[PDB]
Every structure is written in C-alpha cells, then in structure tokens.
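A short write-up of the structure that comes next.
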Amino acid sequence: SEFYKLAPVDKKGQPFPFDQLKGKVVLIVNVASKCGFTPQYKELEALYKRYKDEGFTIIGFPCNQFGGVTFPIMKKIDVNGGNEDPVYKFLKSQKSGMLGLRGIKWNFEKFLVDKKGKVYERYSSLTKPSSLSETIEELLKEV
C-alpha cells in the first residue's frame, strides 16, 4: 500500500518510516501545537496505553493551522494548503466527503488505518478517542 511508503519527519527531525507500522492498527491524529487541550491528550494516551500491546499505535501530528503522551509525536506540519504534508495528502485521498471541503476542519481529527494499511474511516474532531475503542477492537482481530 501507498501508506507504508510514507516517511514523515519525527519530533527529533528524523525519518519515521510507516513500513514499521505493518500489521498494526494505526490512529492518525492531528494535534494542537498550542497548549490548553489536556483532556484530548489524556484520552489519546489512555487509548494508547490500553491497546498498544495488541498491535496498535497513535501517530500525532502537531499543527498550528487552527488558532505529555508516550505515543509517537512527529515534527510540526501543515495538514492543509499548498504545503500540506504527504501523509495528509494520502489520507484525504482515501477518506473525504463526496462533495465540499476535503481539508481538516479543526484540531484532533482522526484517521483509523488497517493492519494491511488501508484507511478504514475518518472521524471528526468532536468524536472522543474512547468512542473508537470498539472499532479499534474489530480491526485488531482482523484475519
């Protein structure tokens, strides 16, 4: 899949190749570059702690376009516009509404990815990470 070809820059400025994500369920979340969103990070961390050893991870992308965790955090990117990161170009090509805006609307929009690397679904910023647990569980059980 094109998903495993992706290699965004990580927080330390080093390549983070998505091929290491093979056989894993992945939650991709754009994260707030500014402070004041503690409840959101707590819920994500809880999801990660709960499921990480089932073959699950969360890749958090800092972004400043909408103005304390242990899962992978990447270098700050644009999720929208002419400088949109290739990861977000790919994600939106797999999951966007048929009409209207394809772009990310606000902080903490979420994409859930297959164990085979196929994007399962895109969720809005308002849907709480905990609400995705059951969907994560059925993807983890994939044959």
Side-chain angles (χ1 to χ4, degrees), residues 1-66 68-81 83-98 100-143:
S1 67
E2 199 186 313
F3 181 76
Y4 297 133
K5 283 158 176 271
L6 269 14
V9 182
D10 77 3
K11 198 189 77 171
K12 308 279 196 101
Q14 295 307 321
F16 188 84
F18 274 20
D19 68 332
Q20 74 191 104
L21 267 33
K22 287 173 183 171
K24 274 75 175 282
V25 175
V26 188
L27 202 251
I28 298 179
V29 59
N30 63 110
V31 136
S33 190
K34 290 180 177 179
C35 304
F37 294 96
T38 325
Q40 287 67 230
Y41 300 101
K42 281 198 182 189
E43 280 207 41
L44 289 163
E45 183 63 9
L47 199 68
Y48 180 63
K49 290 193 179 299
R50 169 152 218 113
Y51 293 117
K52 62 177 171 84
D53 290 315
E54 305 292 315
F56 172 80
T57 197
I58 304 171
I59 316 301
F61 286 88
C63 182
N64 198 224
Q65 283 177 303
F66 314 104
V69 299
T70 60
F71 55 82
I73 298 292
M74 305 286 101
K75 187 185 171 196
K76 185 188 81 71
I77 57 151
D78 289 354
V79 297
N80 300 149
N83 289 172
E84 157 197 77
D85 192 88
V87 167
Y88 276 77
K89 192 184 179 175
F90 167 76
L91 290 174
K92 276 134 80 174
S93 77
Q94 303 305 112
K95 234 72 178 164
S96 280
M98 290 184 62
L101 311 166
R102 299 166 73 259
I104 307 301
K105 269 77 183 282
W106 221 70
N107 293 315
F108 307 105
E109 212 160 298
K110 305 149 188 93
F111 295 81
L112 207 45
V113 180
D114 219 293
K115 279 185 171 292
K116 295 179 192 287
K118 296 180 188 285
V119 187
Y120 180 77
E121 191 53 279
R122 180 185 179 162
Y123 304 92
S124 67
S125 35
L126 294 176
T127 115
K128 318 230 85 173
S130 58
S131 288
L132 265 36
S133 68
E134 287 293 309
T135 302
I136 291 166
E137 285 191 21
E138 65 190 338
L139 295 180
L140 287 163
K141 297 178 194 188
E142 282 179 75
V143 290

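All residue numbers in this chain count up from 1 along the given sequence. Because only heavy atoms are used, hydrogens play no part in the values below, and waters and symmetry mates are left out as well, while side chains stay in.
The nearest pair of heavy atoms linking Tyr48 to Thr57 is CE1-OG1, 3.7 Å. Contact record, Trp106 with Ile104: O-CG2, 3.4 Å, taken as the closest heavy-atom pair. Considering every non-hydrogen atom in both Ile58 and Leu44, the closest pair reads CD1-O, 3.2 Å. Heavy-atom minimum distance, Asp78 versus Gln65: CA-OE1, 3.4 Å. Here the shortest heavy-atom pairing between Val79 and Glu84 reads O-CG, 3.6 Å.
The side-chain contact (heavy atoms from CB on, under 4.5 Å) search around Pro62 returns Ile73, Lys76, not counting sequence neighbours. Partners of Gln20 according to the side chain to side chain donor-acceptor pair (under 3.5 Å) rule, which considers only residues two or more places apart in sequence or in another chain, do not exist here. Scored by the side chain to side chain donor-acceptor pair (under 3.5 Å) test, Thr70 finds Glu45 as partners (sequence neighbours excluded).
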Between side-chain atoms of residues 5-18 and protein atoms elsewhere (two or more places apart, or another chain), which donor-acceptor pairs fall under 3.5 Å?
{"unit_1": "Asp10", "atom_1": "OD1", "unit_2": "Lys12", "atom_2": "N", "d": "2.9"}
{"unit_1": "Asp10", "atom_1": "OD1", "unit_2": "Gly13", "atom_2": "N", "d": "3.0"}
{"unit_1": "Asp10", "atom_1": "OD1", "unit_2": "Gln14", "atom_2": "N", "d": "2.7"}

Residues 108-121 side chain polar contacts: donor-acceptor under 3.5 Å, at least two apart:
{"unit_1": "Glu109", "atom_1": "OE1", "unit_2": "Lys105", "atom_2": "N", "d": "2.9"}
{"unit_1": "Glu109", "atom_1": "OE2", "unit_2": "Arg122", "atom_2": "NE", "d": "2.8"}
{"unit_1": "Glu109", "atom_1": "OE2", "unit_2": "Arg122", "atom_2": "NH2", "d": "2.8"}
{"unit_1": "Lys110", "atom_1": "NZ", "unit_2": "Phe108", "atom_2": "O", "d": "2.7"}
{"unit_1": "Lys110", "atom_1": "NZ", "unit_2": "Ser125", "atom_2": "O", "d": "3.4"}
{"unit_1": "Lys110", "atom_1": "NZ", "unit_2": "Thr127", "atom_2": "O", "d": "2.7"}
{"unit_1": "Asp114", "atom_1": "OD1", "unit_2": "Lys116", "atom_2": "N", "d": "3.1"}
{"unit_1": "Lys115", "atom_1": "NZ", "unit_2": "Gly23", "atom_2": "O", "d": "2.6"}

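Sorted by first and then second residue, the pairs that involve residues 132-143 and meet side-chain hydrogen bond (donor to acceptor under 3.5 Å, both in side chains), not counting sequence neighbours, are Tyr51-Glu137.
Relative orientation of the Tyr88 and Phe61 rings is perpendicular, given thresholds of 30° and 60° on the angle between their planes.
Note: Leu47 CG to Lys42 NZ = 16.0 Å, rounded to the nearest 0.5 Å. Between the CG atom in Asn107 and the CG atom in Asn64 there is a gap of 8.5 Å [rounded to 0.5 Å]. Here the NZ atom belonging to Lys24 is positioned 12.5 Å from the CD atom belonging to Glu54, to the nearest 0.5 angstrom. The NZ atom of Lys49 lies 13.0 Å from the CZ atom of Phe56; values are rounded to the nearest 0.5 Å.
With hydrogens and angles disregarded, no donor-acceptor distance shorter than 3.5 Å links the side chain of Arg102 to the backbone of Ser96.
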Apply side chain to side chain contact (heavy atoms under 4.5 Å, CB included) to the pair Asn80 and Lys92, showing each step before the final yes or no.
CA-CA 10 Å; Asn80 300 149; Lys92 276 134 80 174; 3.0 Å; yes
